[PDB]
Every structure is written in C-alpha cells, then in structure tokens.
Amino acid sequence: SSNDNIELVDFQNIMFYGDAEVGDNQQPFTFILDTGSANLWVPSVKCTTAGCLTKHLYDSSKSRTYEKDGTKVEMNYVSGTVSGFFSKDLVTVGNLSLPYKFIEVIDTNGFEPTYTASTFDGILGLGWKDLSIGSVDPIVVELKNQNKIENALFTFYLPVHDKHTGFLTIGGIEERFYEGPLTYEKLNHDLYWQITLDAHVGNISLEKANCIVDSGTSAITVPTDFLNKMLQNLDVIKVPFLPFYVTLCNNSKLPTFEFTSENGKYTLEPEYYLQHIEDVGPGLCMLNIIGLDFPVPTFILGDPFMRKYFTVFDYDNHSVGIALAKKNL
Ligand SMILES: Nc1nc2cc(CCCCCc3ccccc3)ccc2c(=O)n1C[C@H]1CCCO1
C-alpha cells in the first residue's frame, strides 16, 4: 500500500532484522522491531568497545539536524550494563523522516559478547509512551500527529520462510498479508501492547491471562507451573542447568497452545513451537518455550505466534488485532 512497508529480513528463522537510517547523512543501521522497547537506541562512533567497531556507528557531527540534550541515560538491564546520552536527530524509516529523541549509547559491555555475535547494531521502539524514557512519544503516534500517516497503526509480516519476505505496513492494513478473519481483543492496559485471554492447553486451564505479543522475544513464554503440569510424560527431554527442552519432531503427545476469548479464538501448533535442532542430533526438535512467572498471570506471544498470525496494533482502537498470516507467496 502507499503506506510505509518496512521489509523484515529473515535470520536463522529465529529473528527478523529491519534496515533503517538515522541522521542527516541517513547513516544506515540494522534494527530489530520490539513491541516492548520504546526510546530508540543508536550505536555511537564515541563507543570505545570492540563490539561497537565491528558494526555501524552513528556520528553526531555529520548531521545538520542533530540536537544534544546532554541528559545522561544509564540502561543496566539484568546481567547487563549500558550507558548513553539523550540526542535528538532526523530518524528516517522508509518514506518517512521525523525528528525523534534517541539514546546515544557509548557503553555496551554487559551485552558486548551477545551483540558482537549478533548482526543487529541497534533496536526498534514501537510501544506506548508509558514505557518510553524521558516522556518520548511513540514513533507511529508522532507520524499520525504529522501529515505522514492517517492512522496510528502498524502491522507485522514476519518472513518465517526463507523465500517469505517480512514487511511492516505502517499507517494501514493490507488484506493481502492476512488471510481469513481479523479479530481484535481489548487491552488490559495502555502502558504497553498487552491483552487479556484465557489459555487452555487440553485439560490444563488458566483463564484471564495477560497475553502480551513481543516481536523481540523469540519464543512463547508460559507460567512455570503451567509449563510442567502440561508436559507430563509427553516424551519431552529437558536440559539440566540450561533453560531449554528437546523432543521428538513427530510425537503425537505434543499439544496445541490455544487462547480463547469473547471476540474469537487463536491456536499455535507444534510446527510453530518446535525448532529443527536435528543439526546436533537428527530427528530431534526443541520446544521454543521459555517458562517464567510474573507478579500477575501473564503469557508471551513472541516470534512463534506472530510468525503464524499476521499481527495488527492500533493506539487509536486501544486493541491488538490478529489474523492468519497469508501462506508465503
Ligand atoms: N524486548 C525487550 N528488550 C529489552 C531490552 C532492554 C535493554 C535495552 C537497552 C538498549 C540496548 C542496546 C540498544 C542498541 C544498541 C546496543 C544496545 C531491557 C529490557 C527488555 C525487555 O524486557 N524486553 C521485553 C519486552 C517487554 C518490554 C520491552 O520489550
């Protein structure tokens, strides 16, 4: 559509990378979409780390539209340590170019080994301002404040298959991408993209679950107890001292992850939550399920769910829309 469709690149069918440019010189940098992360993050030429030098780095001097807030920003996530200073400049994504406030990082040691190995140089913030630092408005909302898109909405088309090419339609919805019905579900809150659905894995039940879709997450989460009670003699090998699990690729005991709600029902099947780990041992597949508990009932619909279901997000509707992703081609 005349809307901005940012192609998503396929990587080991485990993550998608989206190209983008920042600065007046439109310096190119690889950024992965993140339904959660907000304030955009940018690698900086001022970064003295070894992992920074092997990837693209932004330059503040080669931008006539650059601005220096100077306010320091230290992001030290768990097993991590990051630091950058506020910097506003022209952020060019596809056919749209809006001045946005980004965090110019100079320290990336706490994730330096993980970044050096990874082909991304930054991240993408596509969440509600509630999760944004320095009270920074959402990119897609600011594109609708400007005469650049007519709707504050963004859709995802993960390039699961090698031939399948990813796309991020921003400003409208293309029926071509999603085949069959498109159902919307209310948001339990407006801080970040999240909904309330009733999880049912066969006889195992957990209603009123805060299903949250994350493009960054590369697996489907689940409460710790739910992961165990459901996996009782299902021939699912477990990895000790390692948060991973293996299992037969053809086993009939492998359930389907289904979420029921008043507006419609969703179902993720084995071919979606299984990984072809036959590389180490033929015929062996890994469950892309990472169990984790939170302060209130919560589930995570990461790449797996988004890969099968074309996702839709609308700040104006205060809802997440879901529909079957069109078969490759
Ligand atoms: N995805 C995701 N990313 C996260 C990222 C962080 C740290 C990011 C700091 C910037 C790192 C960086 C950027 C650019 C270049 C080098 C380094 C912390 C928590 C989450 C975190 O919780 N999540 C999960 C969901 C839920 C809410 C957010 O997204």
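The numbering of chain A matches Swiss-Prot: 125-453, in order.
According to its header, the structure was obtained by X-ray crystallography, 3.3 Å.
The backbone N, Cα and C atoms fix where each Cβ goes, and this holds for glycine too.
Over in Swiss-Prot, the protein carries these features:
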- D158: active site (ACT_SITE)
- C171-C176: disulfide bond (DISULFID)
- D338: active site (ACT_SITE)
- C373-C409: disulfide bond (DISULFID)
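Structure coloured by features recorded in Swiss-Prot.
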residue: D158; record: active site; DSSP class: coil
residue: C171; record: disulfide bond; DSSP class: coil
residue: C176; record: disulfide bond; DSSP class: helix
residue: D338; record: active site; DSSP class: coil
residue: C373; record: disulfide bond; DSSP class: coil
residue: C409; record: disulfide bond; DSSP class: strand
Distance-selected recorded positions near ligand 1 (C-beta under 6 Å), from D158, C171, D338:
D158, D338
Round to a whole number and give the Cα-to-Cα distance in Å for the pair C176 (disulfide bond) and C409 (disulfide bond).
34
Judged by the number of other CB atoms within 10 angstroms, which among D158, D338 is the least packed of the active-site residues?
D158
Cβ atoms near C409 (disulfide bond) (within 10 Å, other residues, all chains):
22
Which number gives the other C-beta atoms within 10 angstroms of the C-beta of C171 (disulfide bond), all protein chains shown included?
20
Roughly how many angstrom lie between the C-alpha atoms of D158 (active site) and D338 (active site)?
6
Cα separation, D338 (active site) to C409 (disulfide bond) (Å, whole number):
23
Measure the Cβ-based neighbour count of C373 (disulfide bond), defined as the other Cβ atoms within 10 Å of its Cβ.
18
